[PDB]
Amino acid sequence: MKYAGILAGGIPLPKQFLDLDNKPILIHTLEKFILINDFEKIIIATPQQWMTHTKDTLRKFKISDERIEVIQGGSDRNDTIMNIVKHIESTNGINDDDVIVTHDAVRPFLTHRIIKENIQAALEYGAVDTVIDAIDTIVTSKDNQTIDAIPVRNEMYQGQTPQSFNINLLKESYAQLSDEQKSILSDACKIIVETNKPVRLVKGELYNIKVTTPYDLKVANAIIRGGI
């Protein structure tokens, strides 16, 4: 069993529901996952305020895949992931070989190739990240004023999503973490990295952007029009 977890639990209307070429970003994203028959369930987690509106939007764009379920998101991004996990466990349980492909609702340009690679690398190695090589030199700062270090750019990668995990592995490593450890995370693959278990790399795409600021939405509107 392969499960898809569309993360839309973050807070005009929230960015995930904004129109990209007369169509909510969430719909753009979800269409990619619908085309993959391998998914047992495609779960959209969203704030309680926006659950009925999400289901209205699905209806409005004539999407009625019974594989789709809308559930309530979490405190933080990782908590939303864990809510989707708890939903799967309390409705059909967790096989010890099940994987979940978590993906940002605001990353509507992921590709069929990206998803299929994610699922096969999760089946093989248990934890997967979607990245692209750093184009900018990457810099670090421990004070937001002066540089701390400038690593070898060759070893730096822009982390995207999907991020796909073995559900048992993800739950066990999340339980290993403290509340302080959890609070400093920014993605889900550091759950696995912090517990000293491997994370394979899948290559994303340069156009697999996160659409949150208005600048991003103009880039996304150009990517749509120019068929990128």
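Numbers for residues come from their place in the sequence shown, where the first is 1. Between two forms, the rigid core is the largest collection of C-alphas that superpose within 1.5 Å.
With every structure aligned by its rigid core, 181-189 is the stretch of 168-176 and 181-189 whose CA positions lie farther away in 4 other deposited structures of this protein. Between stretches 52-60 and 37-45, the one whose Cα atoms sit farther from the displayed model in 4 other deposited structures of this protein on average is 52-60 (core-aligned, root mean square). The PDB entry records a higher mean C-alpha B factor for 12-20 than for its counterpart among 205-213 and 12-20. Higher average CA B factor: 30-38, of the stretches 156-164 and 30-38. Out of 106, 147, 138, 119, the entry records its largest CA B-factor for 119. Among all modelled residues in its chain, residue 186 ranks in the lowest third by Cα B-factor. Sort the chain's modelled residues by C-alpha temperature factor and residue 114 lands in the middle third, per the entry. Looking at the C-alpha B-factors along this chain, the one for residue 76 belongs to the middle third. When all modelled residues of the chain are sorted by CA temperature factor, residue 134 is found within the lowest third.
Ranked by Cα temperature factor within the chain, residue 4 sits in the middle third according to the deposited record.
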